[PDB]
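For reference, the structure is listed below as C-alpha cells.
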Number of protein chains: 14
Amino acid sequence: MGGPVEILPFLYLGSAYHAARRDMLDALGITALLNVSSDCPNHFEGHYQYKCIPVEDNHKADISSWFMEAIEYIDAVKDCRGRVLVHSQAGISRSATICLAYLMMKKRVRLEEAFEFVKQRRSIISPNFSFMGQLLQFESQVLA
Amino acid sequence: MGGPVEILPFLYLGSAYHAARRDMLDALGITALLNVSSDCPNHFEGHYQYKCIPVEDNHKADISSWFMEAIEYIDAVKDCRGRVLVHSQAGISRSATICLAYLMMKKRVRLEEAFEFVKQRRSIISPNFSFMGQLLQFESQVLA
Amino acid sequence: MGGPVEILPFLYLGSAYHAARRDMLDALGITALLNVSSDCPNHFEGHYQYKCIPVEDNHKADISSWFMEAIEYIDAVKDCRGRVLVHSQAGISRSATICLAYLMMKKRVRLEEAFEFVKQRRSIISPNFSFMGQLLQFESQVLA
Amino acid sequence: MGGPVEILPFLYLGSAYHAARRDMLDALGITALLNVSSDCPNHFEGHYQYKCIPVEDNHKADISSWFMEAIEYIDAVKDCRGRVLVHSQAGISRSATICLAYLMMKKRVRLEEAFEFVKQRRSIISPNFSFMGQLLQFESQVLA
Amino acid sequence: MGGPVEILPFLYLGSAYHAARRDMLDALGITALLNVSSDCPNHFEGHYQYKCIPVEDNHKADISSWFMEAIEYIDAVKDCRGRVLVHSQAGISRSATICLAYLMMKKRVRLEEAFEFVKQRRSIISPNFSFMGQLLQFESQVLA
Amino acid sequence: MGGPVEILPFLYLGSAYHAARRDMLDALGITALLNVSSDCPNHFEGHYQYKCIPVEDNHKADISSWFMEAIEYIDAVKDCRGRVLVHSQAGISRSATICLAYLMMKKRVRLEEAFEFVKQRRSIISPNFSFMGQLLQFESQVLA
Amino acid sequence: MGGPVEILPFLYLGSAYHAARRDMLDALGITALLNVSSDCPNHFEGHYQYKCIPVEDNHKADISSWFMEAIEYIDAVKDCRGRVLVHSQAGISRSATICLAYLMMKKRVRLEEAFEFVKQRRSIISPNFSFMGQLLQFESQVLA
Amino acid sequence: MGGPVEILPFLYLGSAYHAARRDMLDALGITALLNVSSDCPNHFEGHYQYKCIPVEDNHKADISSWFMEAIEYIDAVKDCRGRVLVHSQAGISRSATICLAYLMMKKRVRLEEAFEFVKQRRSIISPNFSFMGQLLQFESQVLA
Amino acid sequence: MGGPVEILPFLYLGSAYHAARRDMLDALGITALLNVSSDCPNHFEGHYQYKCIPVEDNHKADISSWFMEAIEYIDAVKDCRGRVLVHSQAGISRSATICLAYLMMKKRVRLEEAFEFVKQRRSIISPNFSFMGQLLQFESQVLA
Amino acid sequence: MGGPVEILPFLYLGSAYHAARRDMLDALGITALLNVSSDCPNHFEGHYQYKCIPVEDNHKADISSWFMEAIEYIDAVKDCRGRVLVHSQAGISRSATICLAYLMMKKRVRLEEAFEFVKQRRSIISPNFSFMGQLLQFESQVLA
Amino acid sequence: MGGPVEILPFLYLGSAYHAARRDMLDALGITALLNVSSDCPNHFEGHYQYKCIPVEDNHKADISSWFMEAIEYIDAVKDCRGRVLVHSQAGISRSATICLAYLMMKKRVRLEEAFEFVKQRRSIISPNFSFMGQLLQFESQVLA
Amino acid sequence: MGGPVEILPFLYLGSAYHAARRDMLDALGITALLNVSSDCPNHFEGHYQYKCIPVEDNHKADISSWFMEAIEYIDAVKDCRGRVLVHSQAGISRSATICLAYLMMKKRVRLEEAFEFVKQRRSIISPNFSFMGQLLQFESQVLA
Amino acid sequence: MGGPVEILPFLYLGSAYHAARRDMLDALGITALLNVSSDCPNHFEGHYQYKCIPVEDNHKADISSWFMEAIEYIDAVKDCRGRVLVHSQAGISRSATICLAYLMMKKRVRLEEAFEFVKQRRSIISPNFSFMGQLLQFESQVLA
Amino acid sequence: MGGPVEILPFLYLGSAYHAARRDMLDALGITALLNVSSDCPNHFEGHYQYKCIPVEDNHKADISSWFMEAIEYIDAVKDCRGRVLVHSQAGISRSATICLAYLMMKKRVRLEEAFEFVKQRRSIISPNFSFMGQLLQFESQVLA
C-alpha cells in the first residue's frame with residue numbers, strides 16, 4: 001500500500017491493493033485503471049474506466065506486444081484530461097514495465113533515464129529481467 | 001483523511017476519500033453528500049442522497065454560478081434534519097469555497113470572518129485565488 | 001471504532017462505523033444487525049439480517065416502545081444460534097439502552113446491575129437521561 | 001488481520017476478516033476462497049470463486065467428511081494456477097484443520113510434521129481437540 | 001476527604017468525613033450543615049446549624065419528598081448570608097441528588113445541565129439510578 | 001492508621017487510633033464500635049454505640065469467653081443495618097481474634113480459611129499464639 | 001493551614017482553620033484567641049480565652065473602630081505573659097489588618113514598615129483596600 | 001509532632017501537640033498524662049489520668065522541687081501497668097528534664113548516661129541550662 | 001519593558017520605558033500618549049500626540065481629579081480612531097489607576113471587575129492604596 | 001521585528017518597528033522608505049527618502065489606486081541604485097500587497113506565483129481579503 | 001550596559017552607554033545626569049538636566065577639585081526630589097570616585113566603608129590609583 | 001552588530017549599524033566617525049566629528065585615492081586624543097581596507113601582517129579582491 | 001530443571017533431571033516416583049517408592065494401556081498421604097499425558113479443561129499427537 | 001536451600017533439601033542429623049549419625065513428647081563435640097519448634113526470647129500454632 005505514485009499528472013503507478021480502494025482512487029482523482037495483471041478483478045466496473053492487459057510476472061510473458069495498446073489507452077485517458085492507475089499485483093514489475101515503455105515512447109528516452117525517473121517515484125520498481133530485455137528491444141524501435 | 005469536520009450541525013466538510021467511506025459517513029450520520037468535484041463517483045447511490053456540482057480546481061472554474069443551487073441543496077438537507085458532506089478531491093479548495101459561500105449567505109458574514117470560522121475547523125482550507133475573488137464578488141451581493 | 005463488544009455470546013454492542021465493516025462483522029461472526037438509529041443505511045442487505053428501530057438520541061424519543069420488538073428480534077437471532085450487533089451512530093446511548101432493556105428482561109436484573117455489567121464491556125456507555133428514566137419505567141415492569 | 005499466510009504457492013490460510021478485504025485478496029492474487037465456516041458471507045460472489053464447507057468450531061463438528069471435497073477444490077484451483085484462501089472466523093481451528101488434511105494427503109506427512117510446517121506460517125494455529133482426533137483418524141488413512 | 005467543593009457561594013458539597021472536621025468547616029466559613037444521610041451524628045450541635053434529611057442510598061429511598069424542605073433550608077441559610085454543607089456518607093449520591101434538585105429549581109435548568117455543572121466541581125458525583133429517576137420526575141415539575 | 005478495613009459490609013476491623021477519629025468513622029458510616037481492649041476510652045459516648053470487651057494482648061487473656069457476647073453484639077448492629085468497628089490498640093491481635101471467631105461462627109469456616117479471608121483485608125493480622133489456640137478450641141465447637 | 005505565624009512572642013497570626021486545632025494551639029502555647037471574623041465558633045470556650053471582633057472582609061466594614069478594643073485585649077494577654085492568636089477565616093485580610101494596627105500603635109511605625117515586617121512572616125497578607133485606607137487613617141493618629 | 005517517643009514501656013515523652021491528639025494517645029495506649037507545662041489544657045479530663053506540674057521553660061523555674069512528686073506519679077501509673085506521656089509545649093526542655101530525673105532516680109545513672117539514653121529516643125532533647133544544673137544537684141542526691 | 005499591553009483596541013497600558021521607544025510605539029500603531037507621571041519627558045513632541053497628567057505615586061496624590069480630563073483625552077484619541085498609550089514610570093500604579101477609572105466609566109463596571117480585566121492583561125498592575133480608595137470613591141459616582 | 005526581508009536587491013519588506021530603527025536601516029543600506037500606513041511618522045525626514053501611501057488595513061481601503069504611484073516610487077529608488085523599505089504597521093497586509101503588485105507588474109507574474117515568492121521571504125504575509133481581490137483585479141490588467 | 005545601579009534613592013551610577021538610553025533613563029525616572037567624562041555628548045539637552053565634570057581617567061586628572069561642585073549638583077537634584085545618573089565612559093573609575101566622595105561627605109564614612117557599600121551595587125567599581133589617593137586626601141578633610 | 005572592534009586605542013572598526021548607535025559610540029568613547037560608504041547618513045552631525053569617503057564595495061571602486069585623506073583624518077583625531085570609528089555598511093570590505101592602508105602606512109608593515117593583526121580583531125574582515133590589489137599597489141609605495 | 005510442579009497436593013510433574021535430585025525430591029516431600037520413560041534409572045531404589053511405565057515418546061507408543069495401572073499407583077501413593085513425581089525425560093509429553101489421563105479420570109473433566117489446568121502449572125506441556133488421540137479415546141470412556 | 005543456619009556451635013537448623021546435600025553437610029562439618037519429619041530418607045546412613053523424630057506439621061501432632069528425646073540426642077552429639085542438623089521438610093515449623101524447646105531447656109529462656117534469637121538466624125521460622133502452644137506448655141515446665 002502507501003498510495004499510488006504520480007508518475008505523470010495523468011499517469012499513476014500502484015498496487016492491486018490500491019485498485020481495490022475507492023477512497024484512495026477518488027482522493028487522487030483517478031478516472032481510469034489499467035490492470036496489468038491477469039486475474040485482478042475490476043470491482044467497480046460501473047464507476048471507473050477499466051482496461052485489462054493479461055500478463056504474468058514471467059520470463060514467459062510477452063508484455064511487449066501490449067505496449068502499443070497500453071500506450072494508446074493511456075494517451076486516451078490523457079486526452080479526456082483524466083488519470084490512469086497502471087497497476088499489477090505488487091506494483092513492482094508489470095505495471096512498471098508498462099509505465100516505462102510509455103515514457104520511453106511518449107517522451108522519447110533511454111530505458112535507463114526512464115527507469116531512474118521512476119525509481120525516484122516508487123523506489124520498489126523492478127521489472128523482471130525478461131521484461132527488461134523486452135523493454136530494450138522496444139527501446140531501439142521507439143528511437144528509430 | 002482524518003475524518004470530515006463538522007462546520008454546522010447539518011454541514012460537514014471533507015475529502016473525496018471520506019466520501020468513499022461508509023463507516024465514516026454513518027458514524028457521523030451523514031445522510032447526503034455534495035460532490036463538489038467533476039468526476040468523483042457516487043458509489044453508494046442507493047443509500048445516500050447525492051448532489052453534484054461539476055467544478056475543477058481552476059481559475060478557469062466558475063464555481064460562483066452554483067453557489068445558489070448548492071446553498072439550496074444544503075438548506076434542503078438541513079430541513080430534513082439531515083447532514084451533508086460537502087466535499088472535493090482534497091477538501092481544500094472547492095468544497096471549502098462552497099461552505100464559505102453558504103455561511104456568508106445563510107449567516108450573513110464577511111468572507112473574512114467565515115474563512116476564519118472554518119480555518120479553525122479544517123486548518124487545511126485554501127480556496128484557490130480565482131475562487132477567492134468569486135467568493136468576494138458574491139460577498140457584496142449577499143450583504144446587499 | 002475499535003470493534004464491537006460482546007455483551008452476550010449472541011449479543012454484541014457497537015458503532016454505526018462497525019455496521020459498515022464487513023471484515024469486522026464476519027470476524028466476529030455477526031449474522032444479524034439491529035440498527036437502533038433512524039437513518040444509518042443497511043448496505044449489505046443481502047448478506048446480513050437487518051432489523052431497524054428508528055430512534056433519535058433525544059429526550060423526545062420513545063425508545064421504550066420498541067423494547068419488546070427489539071428483545072424479540074434479539075431472542076430470535078439468539079435461537080438461530082446467530083449473533084446480533086445492536087448499534088447506533090456512536091454506540092453510546094441508543095444501542096446501549098436497548099442492550100440494557102434486553103438484559104434487565106431476559107436475565108431479570110436492576111438497571112443498576114445491568115448498566116454495570118455493560119460499562120465493563122464498553123466503558124463509553126451513556127444512555128441520555130430521557131432513556132435512563134424510560135429504562136427505569138420499564139424496569140419495574142420487568143420485575144413484576 | 002495482518003494478512004493471509006502463504007502455506008503453498010497456491011494455498012493461503014487466513015481470517016474471515018481477510019475474506020472481506022478485496023485489497024488484501026488481490027494484493028496476494030487470490031482467485032478462489034474456501035469458506036470453512038458456516039455463515040460467513042461471500043460478498044464478492046461475482047469476482048472470486050467461492051466454495052463453502054459449513055462447519056462449526058465444535059467437537060460436535062464432523063469436519064473430516066469434507067476433507068476430500070475440500071482437497072479436491074484446492075487441487076482444482078491449484079490446476080487453474082490460481083490461489084485459494086482457506087479461511088474460518090479467526091483462522092485458528094477450522095481453516096487450519098483443512099490445510100493440514102490437505103498437506104497430509106497431497107504431500108503425505110505426519111499430522112505432526114504438517115502441524116509444524118504450518119505453525120511456522122501462522123503461529124496462531126490451533127485445531128480444537130475434536131478436529132485433532134479426526135485429523136489423526138484421517139492420517140492413518142492417507143498413509144495407507 | 002480533600003475538602004468540600006463550593007457549588008454556590010453559599011452552597012457546598014462534601015463527605016460525612018468533612019462534616020466531622022471543624023477546621024475544614026471554619027476554614028470554608030460553613031455556618032450550617034445539611035446531613036443528607038440517616039445516622040451521621042451532628043457532633044457540634046452547639047456551633048453549627050444542622051438540618052437532617054434521613055435518607056438511605058437506596059432505590060427504596062424517596063429522597064424526592066424532601067427536595068422542598070431541603071431547598072427551603074438551603075435558601076434559608078442563603079438569606080442569612082451563610083454557607084451550607086450538604087453532605088452524605090461518601091458525598092457521591094445523596095448529597096449530590098439534593099444539590100441538583102436545588103439547582104434545577106432555583107436556577108431552573110435541565111437535570112443534564114446541572115449534573116454537568118456539578119461534575120466539574122466534584123467529579124465523583126453519582127446519584128444512584130432511583131434518585132436519578134426521581135430527579136427527572138422533579139425536573140418536569142420545576143420547569144412547569 | 002490508614003483507615004479501618006471492611007471485613008463484612010457491617011463488619012470492619014481497625015486500630016484504636018481509628019476509634020478516636022470521627023471523620024474516619026462517619027466517612028465509613030460506622031454506627032457502633034466494639035472496643036476489644038481494656039482501657040481505650042469511648043470518647044464519643046453520645047454519638048456511637050459502644051460495647052466493651054476488656055482483654056489484654058496476653059497468653060493470660062481468656063478472650064474466648066467473650067466470643068459469644070461479641071458475636072451477639074455484632075449480630076445486633078448487623079440487624080440494625082449498621083456498621084461495627086471491632087478494634088484494639090494496634091488492630092493486630094485482639095480485634096482480629098474476634099472478627100475471626102465471628103466469621104468462623106456466622107459463616108462456619110476453618111480458622112484457616114477465615115484467617116486468610118482476613119489477611120487479605122488487613123495483612124497486619126496476628127493473633128498472639130494463646131488466642132490462636134483459643135480460636136481453635138472454639139473452632140471445633142462451632143462446627144459441631 | 002501550615003500553622004500560625006509568630007508575629008510577636010505573644011502575638012500570632014493565623015487561619016480560622018488553626019483556631020479549630022487544639023493540637024496546633026497548645027503546641028504553640030496559645031492561651032487566648034482573637035476571632036476577627038463574625039461567625040467562626042469558639043469551640044473550646046472552656047480552655048482558651050476568646051475575644052470576638054465581628055467584622056466582614058468588606059469595604060463596608062468599619063474594622064478601625066475595634067482597633068483600640070483589640071489592641072487592649074492583645075496587651076491584656078501580653079501582660080498575663082500569654083499568647084494570642086489573632087485570626088480570621090483565611091488569615092489574609094482581617095486578622096492582618098488588626099495585627100498591623102497593633103504594631104503601628106504599640107511599636108509606633110509606618111503602615112508601610114509594619115506591612116513588611118508581617119509580609120515576611122505570613123507572605124499571604126492582604127488587607128482589602130477599604131481596611132488599607134482605614135489602616136492609614138489610624139496611622140496618622142497613632143503618630144500624633 | 002511525629003508522635004511521642006517511648007522512653008520506657010510505661011514512659012513516653014512528647015509535645016503538647018501530642019497531648020491534644022486522642023488518636024495518637026490511644027494508638028500508643030497512653031493512659032495517663034503528665035503536663036509539665038503551666039497552661040496547656042487537659043481537654044480529655046474524663047478519659048485520661050492527668051497530673052500537672054506548673055513550670056516555665058525558665059532559669060527562674062524550680063522544676064527540681066517537683067521531681068519527687070512527678071517520679072511518684074510516674075511510678076504510680078507504672079504500677080497500674082499503664083502508660084504516661086510526660087510532655088511540655090515543644091517536648092524539648094521541661095518534659096525531658098523530668099524524664100531524666102526519673103531515670104536517674106529509678107535506674108540510678110549519671111545525668112550523662114541518661115541524657116544520652118534519651119537523646120537516642122528524641123534527638124530534640126535540650127533542658128535549658130538552669131534545669132541542667134538542677135538536674136545535677138539532684139544527681140548527687142540520687143546516688144547518695 | 002516587554003511591550004505595552006492592549007487594554008482596548010484604542011487603549012494600551014505601558015511603562016515610561018515604552019514611551020521612549022519609537023519602534024515599539026509605531027509597531028503598535030500608537031498615535032497618542034498619556035504621560036501619567038510628572039517628569040517623564042515627551043521626546044517625540046513632533047510625531048505623537050501627548051497629554052500630561054502630573055501625578056506622583058503617592059497617597060498624597062489626588063489622581064482622581066484628572067480622571068475626567070484623562071477619560072476625555074482617551075475618548076478623544078478613540079474618536080480619531082487612534083491608539084493611546086497610558087503610561088507611568090513602571091506602569092504599575094498610576095497609568096493603571098487611570099485605565100481603570102476609564103473602564104469603570106465608559107463600560108460601567110465594578111472596580112473589582114475592571115481590576116481583573118486588566119490584571120489579565122498586565123499582571124503587574126498595582127494601584128497604591130490611596131489611589132485604590134479614590135478609585136472606589138469615583139466608582140460610586142460612575143454608577144449613579 | 002527580526003529585521004526587514006530582502007524581496008529584491010533594491011526592495012525590502014518590513015514592519016513599522018523597523019522603520020524606526022536607524023541601525024537596522026543603515027545596516028541594510030536602506031536609502032528610501034515607503035510608508036504604506038496612514039499615520040506612522042517619518043522620524044528621520046532628513047536622512048532617508050520617504051514616500052507615503054495613506055492606507056488602512058481595511059476592506060474599505062482602496063490600496064489599488066496607489067499601485068502605480070508606489071511602483072513608480074520603487075522603480076525610482078531602484079534607478080538611483082538605492083534600497084526601499086516598503087512597510088506597514090505589522091508588515092503583514094498593506095506593505096505586502098504593494099510588494100506583490102510591484103512584482104506582478106515589473107516581473108509580470110501570477111498573484112499566485114508572487115504571493116509564494118514572498119511567503120518564502122516573510123512567511124507572515126497576509127493581505128486582507130479586500131486587498132486580495134484588488135490584487136487580482138490589478139493582475140488581469142498587468143498581464144494585458 | 002545592564003542598567004544603572006541605584007546607589008541612593010536619588011543617586012544612580014552608570015555607563016555612558018546608559019546616558020544615551022532614554023528608555024533606560026525614564027524607566028528609572030532619572031531627571032538629571034552628571035557627565036563625569038570630558039567628551040560624552042548630552043544628546044537630550046532638552047529633556048534632562050545635565051552637568052558636566054570634564055575629567056580623564058588619568059593619574060594626571062585632578063578630579064578632587066570638582067568634588068564640591070559635583071556634590072552640590074547632586075544635593076541640588078536631591079532637593080528637587082529628582083534622580084541623578086552620575087556616569088563616565090565605562091562607569092568604573094570616574095563616575096565611581098565621585099559617588100564615593102559624595103557618600104563620604106554627605107553620610108560621613110571611610111573611603112573604605114563607602115567603597116564597599118558601592119562594590120555591592122556595581123561590583124565593577126575601580127577608581128584608578130591616582131583618584132584613590134585623591135579620595136583619601138579628601139577623606140581626612142570630610143571627617144575634620 | 002556586536003560592537004566595534006578596537007584596532008588601535010584611537011582606531012576602531014565597525015558596521016554602519018554601529019554608527020547609528022549613540023549608546024555604543026559613547027560607551028566606547030568614540031569622538032569621530034569615518035563613513036567609508038557612500039550613502040550612510042550622519043545622523044548625529046551635531047555631536048560627533050564626521051568625515052566621509054564615498055566608496056562602493058566594487059572592483060570599480062578606487063578606494064586607494066582616499067587612503068591619504070583618510071589616514072590624515074585618522075591621524076587628526078589621533079592627535080586630539082580622540083577615537084575614530086572607521087565603518088562601512090557591513091564592516092567587512094571598505095572600512096577594513098582603510099584600516100589596513102593606515103596600519104601599513106603608520107606602522108609600516110606588510111599587507112599580510114596587517115591583514116592578520118586585524119583578522120584577530122574582527123574575524124569577518126574581507127576586502128574584495130579589487131581593494132586587495134589596490135592595497136598592494138599602495139603597500140610598495142609605503143615601504144619605499 | 002527448575003523444580004517439579006505441583007499438579008495435585010499428592011501429584012507432581014517433572015523432568016528425569018528432577019528424579020535424579022534427592023535434595024529436590026525431599027524438599028518437596030516426594031515419597032514415590034512414577035518413571036514414565038523406558039530407561040531412566042531408579043538410583044535411589046532404597047529410599048523412594050518407584051513404579052515404572054516403559055514408554056517411548058512415539059506415535060508407536062501405546063501409553064493408553066498403562067493409564068489404569070498408573071492411575072492406580074497414583075491413587076495408591078495418594079492414600080498413603082504421600083507425594084508422587086510422575087516424570088519423563090523432558091517432562092513434556094509422556095509424564096504429562098499420564099497426569100492428564102489421571103485428572104480426566106479422578107476428577108472427570110475434558111481433555112481440554114485438564115490440558116489447561118496443567119498448562120498453567122508447567123507451560124512446557126506437549127503430549128505428542130499420538131498420545132493426544134489416545135488421550136481422547138480414553139476421554140470418552142472416562143465420561144461414560 | 002541457601003545453607004543451614006548455625007543456631008549453636010553444635011546446633012544447626014535447616015531444610016530437608018540440606019539433609020540431602022553431602023557437600024553442604026561436610027562444608028559445615030555436620031556429623032549428626034536430626035530428621036524432624038516422618039518420611040524424609042536418611043540417604044547417607046553409613047557416614048552420618050541419624051536420629052528420627054516422626055512428626056507431621058499438624059495441629060494433630062504431639063511434637064512435645066519427643067522434646068526430651070531430641071534434647072538428649074542433641075546434647076549427645078554436643079558432647080562428642082560434633083554438629084547436629086535439626087531439620088524438617090522446609091525448615092520452618094517442626095525443626096524450629098525443636099531447636100526452640102532445646103534452647104528454652106538448656107539455656108533456660110522464654111519461648112519469646114528464644115523465638116527471637118532464632119528468627120535472627122533463619123528469619124523463615126514459623127512453628128504452626130499447635131506447636132506454639134505445646135512450646136508454651138513445655139516452657140512453664142522447663143522454668144520450674
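Residues are named by chain letter and number: chains run A, B, ... in the order of the C-alpha cells, numbers start at 1 in each chain, and ligands are numbered from 1 in the order shown.
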Per residue of chain G within 10 Å of chain E, note the shortest atom pair and the distance in Å to one decimal, counting only C-alpha atoms, and order the rows by chain and increasing residue number, as CSV.
residue,atom,partner,partner_atom,distance
G:1,CA,E:27,CA,8.7
G:15,CA,E:27,CA,7.1
G:16,CA,E:27,CA,5.4
G:17,CA,E:23,CA,4.2
G:18,CA,E:23,CA,6.7
G:19,CA,E:23,CA,7.4
G:20,CA,E:23,CA,4.8
G:21,CA,E:23,CA,6.6
G:37,CA,E:29,CA,9.6
G:38,CA,E:29,CA,9.9
G:39,CA,E:31,CA,7.4
G:40,CA,E:26,CA,6.1
G:41,CA,E:47,CA,5.8
G:42,CA,E:47,CA,7.9
G:43,CA,E:47,CA,7.1
G:88,CA,E:27,CA,8.9
G:89,CA,E:27,CA,5.6
G:90,CA,E:27,CA,6.5
G:91,CA,E:27,CA,9.5
message = Please list as a ChimeraX atom specification every residue within 12 Å of residue 132 (chain A), counting only C-alpha atoms and excluding residues in the same chain fewer than 2 positions away.
response = /A:57-59,61-64,93-94,96-98,100-101,111-112,115,125-130,134-139
request  = Just the residues within 9 Å of residue 86 (chain E), please, counting only C-alpha atoms, with nothing from its chain fewer than 6 positions along; format it as a ChimeraX atom specification.
outcome  = /E:11-15,32-36,74,95-96,98-99
Dump of N, CA and C atoms for the selected residues, as a PDB file, in the first residue's frame:
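Wrote it out as result_12.pdb, contents follow:
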ATOM      1  N   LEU E  11     -23.387  27.477  48.829  1.00  0.00           N
ATOM      2  CA  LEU E  11     -23.700  26.062  48.765  1.00  0.00           C
ATOM      3  C   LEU E  11     -22.471  25.216  48.504  1.00  0.00           C
ATOM      4  N   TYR E  12     -22.178  24.306  49.429  1.00  0.00           N
ATOM      5  CA  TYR E  12     -21.026  23.416  49.289  1.00  0.00           C
ATOM      6  C   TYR E  12     -21.451  21.966  49.349  1.00  0.00           C
ATOM      7  N   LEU E  13     -20.680  21.119  48.695  1.00  0.00           N
ATOM      8  CA  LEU E  13     -20.984  19.704  48.672  1.00  0.00           C
ATOM      9  C   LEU E  13     -19.811  18.932  49.257  1.00  0.00           C
ATOM     10  N   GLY E  14     -20.084  17.947  50.106  1.00  0.00           N
ATOM     11  CA  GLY E  14     -18.991  17.202  50.696  1.00  0.00           C
ATOM     12  C   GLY E  14     -19.312  15.842  51.274  1.00  0.00           C
ATOM     13  N   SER E  15     -18.315  15.289  51.966  1.00  0.00           N
ATOM     14  CA  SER E  15     -18.375  13.967  52.604  1.00  0.00           C
ATOM     15  C   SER E  15     -18.771  14.080  54.082  1.00  0.00           C
ATOM     16  N   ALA E  32     -23.872  26.386  58.327  1.00  0.00           N
ATOM     17  CA  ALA E  32     -24.886  25.369  58.503  1.00  0.00           C
ATOM     18  C   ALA E  32     -24.465  24.087  57.801  1.00  0.00           C
ATOM     19  N   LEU E  33     -25.128  22.995  58.158  1.00  0.00           N
ATOM     20  CA  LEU E  33     -24.864  21.699  57.553  1.00  0.00           C
ATOM     21  C   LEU E  33     -26.174  20.986  57.273  1.00  0.00           C
ATOM     22  N   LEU E  34     -26.266  20.362  56.105  1.00  0.00           N
ATOM     23  CA  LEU E  34     -27.456  19.604  55.764  1.00  0.00           C
ATOM     24  C   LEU E  34     -27.066  18.124  55.662  1.00  0.00           C
ATOM     25  N   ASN E  35     -27.301  17.384  56.737  1.00  0.00           N
ATOM     26  CA  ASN E  35     -26.966  15.969  56.798  1.00  0.00           C
ATOM     27  C   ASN E  35     -27.935  15.124  55.982  1.00  0.00           C
ATOM     28  N   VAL E  36     -27.555  14.801  54.750  1.00  0.00           N
ATOM     29  CA  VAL E  36     -28.413  14.012  53.876  1.00  0.00           C
ATOM     30  C   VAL E  36     -28.214  12.515  54.016  1.00  0.00           C
ATOM     31  N   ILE E  74     -31.801  25.367  52.536  1.00  0.00           N
ATOM     32  CA  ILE E  74     -30.686  25.966  51.812  1.00  0.00           C
ATOM     33  C   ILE E  74     -30.958  27.439  51.536  1.00  0.00           C
ATOM     34  N   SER E  95     -26.137  13.509  48.880  1.00  0.00           N
ATOM     35  CA  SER E  95     -25.856  14.938  48.946  1.00  0.00           C
ATOM     36  C   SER E  95     -25.839  15.622  47.579  1.00  0.00           C
ATOM     37  N   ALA E  96     -25.569  14.835  46.542  1.00  0.00           N
ATOM     38  CA  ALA E  96     -25.492  15.354  45.184  1.00  0.00           C
ATOM     39  C   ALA E  96     -26.884  15.548  44.634  1.00  0.00           C
ATOM     40  N   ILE E  98     -29.551  16.092  45.990  1.00  0.00           N
ATOM     41  CA  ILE E  98     -30.116  17.284  46.563  1.00  0.00           C
ATOM     42  C   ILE E  98     -29.579  18.582  46.012  1.00  0.00           C
ATOM     43  N   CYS E  99     -28.268  18.667  45.829  1.00  0.00           N
ATOM     44  CA  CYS E  99     -27.682  19.892  45.279  1.00  0.00           C
ATOM     45  C   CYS E  99     -28.228  20.100  43.884  1.00  0.00           C
TER      46      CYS E  99
END
message = Just list as an MDAnalysis selection string whatever in region 43-138 of chain B DSSP marks as helix (DSSP H, G or I).
response = chainID B and resid 67:79 94:107 111:119 129:138
Residue set, chain L restricted to strand (DSSP E), as a ChimeraX atom specification = /L:5-8,11-15,32-35,49-52,84-88
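The gap separating CA of residue 9 (chain E) from CA of residue 105 (chain E) is 16.7 Å, in Å to one decimal.
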task = Could you jot down the CA of residue 110 (chain G) to CA of residue 106 (chain K) separation for me, Å, one decimal place?
result =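 About the pair CA of residue 110 (chain G) and CA of residue 106 (chain K): they are 25.5 Å apart.
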